[PDB]
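Residue numbers (this note's numbering), protein chains in the order written: chain A, 31 to 214; chain B, 31 to 214. Where is the CB? At the ideal position from N, CA and C, for every residue including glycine.
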Ligand SMILES: [Cl-]
Ligand SMILES: [Cl-]
């Protein structure tokens, strides 16, 4: 029959306790079957899909099929993103995944020389899944929408103040504004 | 602002004309930006994302972000599946993708010997995306939910009548019931 609760797309750290939920109107008098894409997850025949301690391997797209005698309904797709980061960044994050949007890894300030690789990282967790947008000197970096902002070979033109805008539709958080100096 | 039309997950053949749609309440007085996962699709700044002649490379997960001055809303994820099949199976399918659920590639009847590889194929197109479930002698084959049903090395026990149940939530279509003989 019809679905009351659809699963949320979310970003979590590896090792954390994570659930994905699907609840029908007929609950508990319906059948549930979870899928990671077209793979029928074995023993994922319950309302909520539980990863006791997520692994990066677990990241991907999930859907839940709910049936009731005659019908069949597929839930919305849920994207599970699993980030592997050192313990040193897991401050203010326990072994249970929480929905709150929060930056775990912040960008860094660097003095590089022309020809260096510039690597900028911003890792956040939250539900709904966080989105990224990198900025340089108050302007958004066209198409820079990942945790990583990388420049293979820097010119002097790459100098400036950088930050990442992390956001969903419940919250947003700008990362530290970092300074990238390019000289010799 | 709020979203009126969310994109549907769909399966299409390569070369076909395909659209993905997102429409907000504020239309046409809003901004649209499409994404293939976290990649900001360039020039996908319109209500509908158009693939004039899809390529397999195009398959994947898409979302549309709609903003209106203050707000931001992400649509539901859409799964685009692109199947590459010979022209000989494209009968009753033109160069424009249609929503109707229909089997293009059917399983085949075979007389194999113990140790053979048994390959069973069932390819369908439709919107919402079709789902598969293989059956043997009236019983569903536990966890066989892909276009392909493959057995690397057949025993005599693999003999029987097979078919694929293709389905979404608007329609379903059973494939030809095929006979698999295992002898010598
Ligand atoms: Cl959930
Ligand atoms: Cl659509």
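Closest by C-alpha distance to residue i, when choosing among the options
i	options	result
residue 113 (chain B)	B:90, B:206, B:106	B:90
residue 84 (chain A)	A:94, A:57, A:115	A:115
residue 101 (chain B)	B:31, B:208, B:200	B:31
residue 28 (chain B)	B:134, B:139, B:94	The structure shown does not extend to residue 28 (chain B), since chain B is modelled only from 31 to 214, so the question has no answer here.
residue 177 (chain A)	A:205, A:169, A:55	A:205
residue 208 (chain A)	A:162, A:92, A:138, A:202	A:138
Neighbourhood of residue i by C-beta, 7 Å cutoff - its chain only, sequence neighbours within 5 removed
i	result
residue 129 (chain A)	156, 157
residue 186 (chain B)	144, 212
residue 135 (chain B)	115, 119, 151, 152, 153
Contact set for residue i: own chain, Cβ-Cβ below 6 Å, skip 5 residues either direction
i	result
residue 181 (chain B)	148, 188
residue 160 (chain B)	41, 131, 154, 196, 198
residue 164 (chain B)	171, 174, 179, 194
residue 78 (chain B)	49, 51
residue 97 (chain B)	61
residue 36 (chain A)	105, 106
Whole-number beta carbon distance between residue j and residue i, since they are thought to touch under 8 Å
i	j	result
residue 52 (chain B)	residue 33 (chain B)	6 Å
residue 127 (chain B)	residue 47 (chain B)	6 Å
residue 214 (chain A)	residue 108 (chain A)	Contact flag wrong, Cβ pair sits at about 49 Å.
Residue i to residue j span [Cα, whole Å]
i	j	result
residue 44 (chain A)	residue 106 (chain B)	25 Å
residue 175 (chain A)	residue 167 (chain B)	50 Å
residue 150 (chain B)	residue 120 (chain B)	19 Å
residue 81 (chain B)	residue 152 (chain A)	32 Å
residue 110 (chain B)	residue 190 (chain B)	34 Å
residue 192 (chain B)	residue 73 (chain A)	25 Å
residue 203 (chain B)	residue 67 (chain A)	21 Å
residue 183 (chain B)	residue 142 (chain B)	10 Å
residue 55 (chain A)	residue 118 (chain A)	43 Å
residue 103 (chain B)	residue 201 (chain A)	12 Å
residue 88 (chain B)	residue 69 (chain B)	13 Å
residue 123 (chain A)	residue 162 (chain A)	20 Å
residue 146 (chain A)	residue 125 (chain B)	48 Å
residue 216 (chain B)	residue 140 (chain A)	The question about residue 216 (chain B) has no answer here: the residues shown for chain B are numbered 31 through 214.
residue 169 (chain B)	residue 99 (chain B)	55 Å
residue 86 (chain B)	residue 133 (chain A)	35 Å
Proximal residues of chain C, C-beta to C-beta of residue i below 8 Å
i	result
residue 185 (chain A)	Absent from the structure: chain C. Protein chains present are A and B.
Sequence-distant residues of its chain with Cβ nearer than 8 Å to residue i (five each side left out)
i	result
residue 57 (chain B)	34, 77
Quick one: complete alpha helix (DSSP H) runs, 4+ long, within the segment 32-71 of chain A?
-> Listed in chain order, nothing qualifies, since the segment 32-71 of chain A has no complete alpha helix (DSSP H) run of 4 or more residues.
Inside the segment 155-212 of chain B only - beta strand (DSSP E) runs reaching at least 3 residues = You should have 161-166, 178-181, 190-197, 202-204, 208-212.
Output the residue ranges of the beta strand (DSSP E) runs that lie fully inside the segment 103-145 of chain A and measure 3 residues or longer, sorted by chain position.
-> Fully enclosed beta strand (DSSP E) runs of 3 or longer: 108-113, 132-135, 140-142.
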